[PDB]
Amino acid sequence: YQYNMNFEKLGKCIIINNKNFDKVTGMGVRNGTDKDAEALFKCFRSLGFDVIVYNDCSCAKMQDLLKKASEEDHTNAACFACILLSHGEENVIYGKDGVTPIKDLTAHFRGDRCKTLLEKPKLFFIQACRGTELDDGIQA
């Protein structure tokens, strides 16, 4: 009933911290995201992850990083984690220069494409808008 944790390493965790966006996108600065990235760096490292943080990534750079991350040798890791902090819309996330489908980023880690993570948990934490609807809430 439990994923095997008996590995040399808990695993790698990559954080994409997007704060500043090219004027062409029309997107504002994401103030507070640095605090997010720093708090996440500490929590995840405390759990046992090897964490690395990349700031203000273009779409191409996010793509290359996640692809490259999937091509690392995870044989001696129990799992893998990716954290994305950025603006977003439905099904997509902003690099500094525009939007990229979230599914394209995660595709590199599919069982047939990333063998050393096969049968291991692949975790994606995604802080981004997914559309413009607002929850007005309701009182009991």
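One rule holds for the numbers: they count along the sequence shown, beginning at 1.
Look over 42-50 and 23-31 in the entry and identify the one with the greater average Cα temperature factor.
Taking the mean C-alpha B-factor of 42-50 and of 23-31, the larger value falls to 23-31.
Would you mind comparing 80-88 and 96-104 for me and telling me which has the higher average C-alpha temperature factor in the entry?
For C-alpha atoms only, the mean B-factor is higher in 96-104.
Of the three thirds of its chain by CA temperature factor, lowest, middle or highest, which one includes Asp64?
Highest third of the chain for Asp64's C-alpha B-factor.
Taking the entry's C-alpha B-factors for this chain, is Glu72 in the lowest, middle or highest third?
Highest third of the chain for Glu72's C-alpha B-factor.
Taking the values exactly as deposited, rank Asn18 by C-alpha B-factor within its chain and report the matching third: lowest, middle or highest.
Middle third of the chain for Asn18's C-alpha B-factor.
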